[PDB]
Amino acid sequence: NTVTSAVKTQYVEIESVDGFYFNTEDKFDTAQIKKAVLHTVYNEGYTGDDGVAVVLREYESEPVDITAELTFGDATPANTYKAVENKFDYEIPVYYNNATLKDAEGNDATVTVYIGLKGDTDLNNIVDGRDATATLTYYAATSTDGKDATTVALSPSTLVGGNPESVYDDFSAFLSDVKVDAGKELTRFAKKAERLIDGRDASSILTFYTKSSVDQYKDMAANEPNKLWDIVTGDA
């Protein structure tokens, strides 16, 4: 007879953007999460003497902005990355108070990330001379009158398929930009057109490839490529 209210279900709606990462990175960036609103649905009603539940009304409380409270839990680029042919995107669950959330359709709410090997211009999970050539070739094309980042594709990958405006070409640019003059101030969210992909990027990459191919650096390239990148870019 006594009427009460209780949460019936709870879901989040999230506005997020893509994020690009290297396989060696230890942290996803929560800046991908632009806005997250938590909805809580209530039922109000009673249980009759016959033990049957009666619902008198259904409603939500005021939705709550929880954008700032969302984390990616324990997931990291390094522990998520798997080399798979023609496949670079991952759905990373968000966490709120150390638990996943459901989206409006009952599925765990996730954010899209792309993770690859630095230097891997052609997106084949291998860093080699072909990547250096592709990077050089893109520089030469975009250095020609009448051509730029908008009309030239960088990656030979079928995922780009010659399409200058593919998101995978932005991802390829991120992977190829091994020499960034601006440093950390040019963020991972820069688009291909916002980067400088030049012969210096191409010659690093080639040198990474050559050093990886001799006894001295074979293991460094395979185990901690980041230490080899620093050597080849003059940063260490």
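Start at 1 with the first residue shown and count on from there.
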Hey, which bit's got the bigger mean C-alpha B factor in the entry, 155-163 or 142-150?
142-150
Quick check: 198-206 versus 59-67, which has the larger average CA B-factor in the record?
59-67
If you compare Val41, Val180, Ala173, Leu38, which has the highest Cα B-factor in the entry?
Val180
Can you tell me which of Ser16, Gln10, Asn23, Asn226 has the maximum CA B-factor listed in the PDB entry?
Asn226
Determine, from the deposited record, the chain-internal third of the Cα B-factor for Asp120: lowest, middle or highest.
lowest
Taking the entry's C-alpha B-factors for this chain, is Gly73 in the lowest, middle or highest third?
highest
Cα B factor band for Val127 (lowest, middle or highest third within the chain)
lowest
For the chain shown, is the CA B-factor of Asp89 in the lowest, middle or highest third of its modelled residues?
lowest
Ranked C-alpha temperature factor of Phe189 among modelled chain residues, by third
lowest
